[PDB]
DNA sequence: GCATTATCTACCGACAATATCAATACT
DNA sequence: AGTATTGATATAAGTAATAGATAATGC
Ligand SMILES: Nc1nc2c(ncn2[C@@H]2O[C@H](COP(=O)(O)OP(=O)(O)OP(=O)(O)O)[C@@H](O)[C@H]2O)c(=O)[nH]1
Ligand SMILES: Nc1nc2c(ncn2[C@@H]2O[C@H](COP(=O)(O)OP(=O)(O)OP(=O)(O)O)[C@@H](O)[C@H]2O)c(=O)[nH]1
Ligand SMILES: [Mg+2]
């Protein structure tokens with residue numbers, strides 16, 4: 001029904017702003033069959049999907065063709081792609097909004113002030129059935145945005161105050177490798193810990209055969225991503241991309257203290273825990289040595305620690321009588337002029 | 001004994017001079033003792049306080065505990081190094097410390113006494129507090145570098161003392177760091193402090209011992225930052241009553257006449273040697289300064305520095321009493337923040353709030369923390385000054401000076417000097433006292449009117465102001481505290497207090513002309529930076545607007561801009577605007593001063609916004625995080641002054657274009673052989689010119705060549721001083737317009753200082769502000785006008801253009817031209833010539849190298865040899881036929897633009913203008 | 001060829017990223 | 001066979017932060 005853009009049409013756009021988009025309908029059909037959205041959204045007729053950085057908009061056309069949700073809103077402001085979106089999707093149920101997803105205000109200015117797109121709030125015990133988020137942040141510049149949203153999952157403030165909102169994210173293969181790194185791997189870092197604590201992310205598709213060697217060998221077995229090649233994505237002058245299905249899970253820990261402890265433990269990610277806890281405060285090594293009976297945990301490096309152990313160390317930190325002020329952990333340099 | 005009390009009691013100048021000479025001969029020994037055996041005094045004070053506290057100031061007790069406990073570890077560490085050096089060779093050693101590390105810093109530890117090393121490291125760590133931007137600590141690299149440099153300075157003072165008593169050259173920064181790292185790594189484990197904590201669960205208060213310092217990391221915008229942090233207990237100890245002897249400066253003011261400047265590396269302190277220039281980062285500045293000092297081109301710089309240095313000061317007495325009474329009160333005063341224990345933070349917003357709200361709250365918390373720390377720093381610095389002036393009360397002290405790379409003079413004593421804030425300027429007077437005479441009384445009245453913010457009115461108005469407020473002067477001078485405190489309303493209170501003191505003593509007498517007054521009287525240049533542009537381009541309107549031409553009333557540029565912005569806002573606020581109504585009457589010459597000042601220096605929009613935002617807070621027209629008014633105000637300021645300074649902007653743009661062209665030039669010698677890194681070469685030519693006083697000015701802006709060197713704590717990211725790097729083409733174009741004018745101002749100050757010193761006055765200068773006795777103001781003013789006329793009588797823009805032309809003769813730029821343009825076409829024919837003789841296609845490096853030898857051929861003394869070389873036509877030599885160079889890639893000559901036209905302005909006419917300096 | 005997008009720094013005055021790791025270089 | 005530099009990449013996450021210079025790129 002909806003006129004899907006073709007290769008002969010998306011080839012005329014001059015500027016893509018570093019983003020890469022997939023345009024082969026066969027790969028989208030395979031992906032949407034693998035996702036199996038029908039086993040979680042019982043009634044797509046009552047579904048609202050917010051699509052961020054649509055770009056060419058081929059995914060939106062296919063998604064609307066297969067399911068026909070009641071509201072499908074595209075947020076795009078980049079002029080070169082906005083012209084194409086406006087011209088191609090004229091006289092269509094899809095509504096295009098000329099706002100920039102980067103800004104924090106726009107969401108509020110579009111959901112609360114003027115009620116253009118108001119979703120349906122649900123409880124925090126099941127995946128929301130009236131709200132889906134689809135995002136394409138592929139450029140190397142727009143990597144902090146993923147982390148900001150991933151922390152907003154923990155804060156339950158940006159779009160996750162409605163519940164456990166599911167997101168389908170297109171992101172560079174390096175970001176996927178960093179996020180989906182199991183403990184002990186070379187790519188382990190603080191973003192992996194955040195993904196472990198807040199999300200249950202499953203890799204769906206990846207646009208390179210060799211990039212699978214970086215990922216965990218075992219976990220791929222449980223996923224079996226839809227492998228394709230870099231010939232079905234138009235701006236081939238970039239890096240391999242990947243698709244992930246993110247959905248929040250419940251947790252019970254102090255977010256701020258856990259954040260502080262993980263941030264200050266993952267700096268020295270390869271030094272053993274025998275002497276890395278001395279950096280969490282004045283005389284922290286002795287206190288943490290006194291309160292950890294088992295000498296086995298004091299042997300594992302922070303790159304080998306599972307999020308449960310991080311929560312345990314956070315709990316130890318919170319009961320420390322002499323814990324430092326985590327609020328004043330910043331450098332003021334432009335602000336400070338010393339006489 | 002307070003010698004200043006004796007000096008004033010003597011009847012005649014003969015006895016005073018005899019006493020002063022004997023006093024200098026006596027004070028030589030005191031200075032010699034002070035410079036060399038100062039740290040032993042701190043050790044003695046620590047030990048004494050510990051013994052007194054043990055028999056029956058808490059900071060002094062702890063310091064001896066650490067130093068006496070750190071000392072055993074240093075004696076063990078040095079012994080291990082000597083064992084490895086005792087054996088000549090050992091091939092197989094553990095990579096940890098003995099293999100290379102203890103061999104690396106082994107010799108450098110053995111030099112000085114271990115107790116001295118402990119004292120230096122403790123003092124250096126305790127001095128570096130809240131520096132580098134760490135909230136309650138310091139940056140690790142700066143700490144270790146400072147410790148190493150202090151160790152080296154102690155070694156060279158001991159060495160010179162031994163050499164002059166019995167009868168590498170400079171440590172690399174890869175060695176200075178390791179010594180500091182070792183010492184600090186010992187001190188971290190040695191130090192202990194007692195802390196009180198509250199249990200979170202059972203709420204039971206407990207005590208404990210925790211290390212005083214700790215080492216951690218922090219992140220700013222995706223980059224780690226190793227930091228050293230101090231326990232809060234030490235911090236709250238460092239804000240107590242007073243700190244008598246624990247941290248004493250190593251570079252405090254002299255007791256005798258300073259060593260006169262006779263060479264670029266000899267002068268100032270007796271046992272300590274200081275370089276003329278402060279900028280020790282670059283070696284090229286050192287090379288050029290050595291070259292200019294060898295011949296002797298900078299005798300006038302020496303004369304000015306010598307005149308500035310040898311002015312004797314003495315600490316004010318009554319003002320010190322008043323400050324001591326205010327400090328003991330323990331409450332916040334005019335500028336002393338007062339002892340605050342716990343700071344205040346607003347309640348945190350609910351975590352469900354929009355992320356923008358949380359970000360704004362975090363910004364507010366950051367702002368509040370900077371104020372509380374900035375206030376604590378101010379209080380601690382005031383306490384330190386009150387310490388320094390305490391031991392120097394009734395003493396003769398001299399301030400030697402040196403220069404930055406442009407020429408501005410700065411005292412060597414960093415903490416207590418006359419360049420400090422208002423309070424520091426208040427605690428200093430002149431030892432030599434002059435009778436007021438017929439003019440000193442009037443000039444002192446004008447000085448008080450100046451300090452009270454009313455220095456924009458004619459002289460008669462200022463004298464009338466002071467004569468009217470004589471009653472308040474006496475009231476505030478009799479009882480400064482528990483009175484009406486009229487001196488607190490002044491713009492500069494801690495100097496108006498001393499002025500009121502002196503005026504009260506004068507008016508309690510019957511003959512003003514017999515009083516001896518030690519109070520310095522300032523004379524600050526009005527719009528000095530624009531005065532130099534007015535005198536440079538010869539603009540008559542600009543000269544009128546900056547009080548150059550003779551006049552009757554003071555004129556200024558900043559008040560004009562303030563009025564323009566005020567009427568702009570008033571028009572805007574009358575048409576329904578909301579922010580303009582608030583700022584309708586809050587615009588004064590102080591708010592819009594630095595933006596108008598630095599417009600002709602190249603200030604950016606964000607820099608201007610932060611300038612005006614910083615200026616708003618003292619009048620609290622808004623709060624600290626209400627910076628959104630500043631954006632509006634800066635937009636209006638730029639719009640208002642878009643079409644004001646046109647003669648100045650021409651010189652600014654000429655200097656900018658010249659710097660941009662120089663920064664992209666290549667000389668023929670440097671491109672001797674292609675580096676093979678790429679077809680494009682590196683640019684290594686900086687901007688260099690000479691002061692009208694002969695001093696050379698080299699801009700030290702080059703790309704960074706930092707690297708990570710391992711230490712015992714971490715791996716510090718430091719630079720290589722000896723490395724030469726391509727110039728920073730961004731900072732060479734941005735620093736010339738300010739650097740040239742500041743060098744001009746410094747040269748004028750040096751000339752005036754030298755002449756005034758020859759004429760016998762007591763002189764002391766602060767950039768554009770020149771101080772002297774109340775009875776010497778007329779002579780000083782005549783000298784100012786005469787020296788400004790001497791400086792600016794010769795054309796300086798044209799002289800700079802000629803100097804650049806004769807300094808960058810054989811320099812080549814790289815550009816582009818059309819492949820079909822006939823001028824560019826002919827080079828392609830030359831590009832075809834090398835295909836046979838050289839055997840390969842002509843390239844950029846080869847084309848440049850061709851002209852290198854031809855310059856030798858041209859300058860061959862033989863006329864026959866000149867004909868051999870001069871006949872050749874190179875690619876560069878094509879452009880010599882024409883001159884219109886403005887309208888592939890081709891080499892081009894380095895041609896600098898034409899100087900802006902000079903107006904018809906006579907510089908001598910200002911010699912009768914009495915508002916040029918006031 | 002010009003035109004839209006990308007990168008970078010913030011007027012001057014002496015003061016500042018670090019750990020982990022492949023990868024080859026080289027005793 | 002062995003260590004030893006040496007260069008490269010990630011780090012946090014609206015850098016205070018926005019406007020103008022300057023490099024870069026595509027058809
Ligand atoms: N580049 C630069 N130079 C400054 C700055 N502040 C002061 N100066 C220079 O230092 C001089 C000191 O002058 P001030 O007495 O502070 O001010 P002024 O411009 O003379 O104006 P008045 O307040 O009327 O005396 C100025 O004339 C400038 O040459 C600044 O922020 N940037
Ligand atoms: N080079 C330079 N000098 C500055 C700068 N800011 C302040 N100064 C100097 O610091 C000195 C102290 O400034 P103020 O606290 O305002 O005292 P002041 O000299 O009497 O100036 P006013 O109070 O405005 O009359 C000035 O004389 C300036 O020369 C700056 O940004 N650059
Ligand atoms: Mg001035």
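Going from the start of the chain as shown, residues are counted 1 onward.
Method reported for this entry: electron microscopy, 3.5 Å.
Quick reminder: no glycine exception, Cβ is built from N, Cα and C everywhere.
Here Swiss-Prot flags A:22, A:76, A:100, A:136 as S-adenosyl-L-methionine binding site, drawing on sequence analysis. The Cβ neighbour count for residue A:136 (S-adenosyl-L-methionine binding site), using a 10 Å radius and every protein chain shown, is 24. Mapped onto three states, the DSSP output places residue A:136 (S-adenosyl-L-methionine binding site) in strand.
Within the set of binding-site residues A:22, A:76, A:100, A:136, no residue has a CB atom less than 6 Å from any atom of ligand 3. Within the group of binding-site residues (A:76, A:100), the Cβ with the highest number of other Cβ atoms inside 10 Å belongs to A:76.
Of all Cβ atoms in the protein chains displayed, 21 besides its own lie within 10 Å of the Cβ of residue A:22 (S-adenosyl-L-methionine binding site).
Among the residues A:22, A:76, A:100, A:136 said to bind S-adenosyl-L-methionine, no two Cα atoms are farther apart than 21 Å. DSSP classifies residue A:76 (S-adenosyl-L-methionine binding site) as coil under the three-state reduction. Look at residue A:22 (S-adenosyl-L-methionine binding site): DSSP puts it in a strand.
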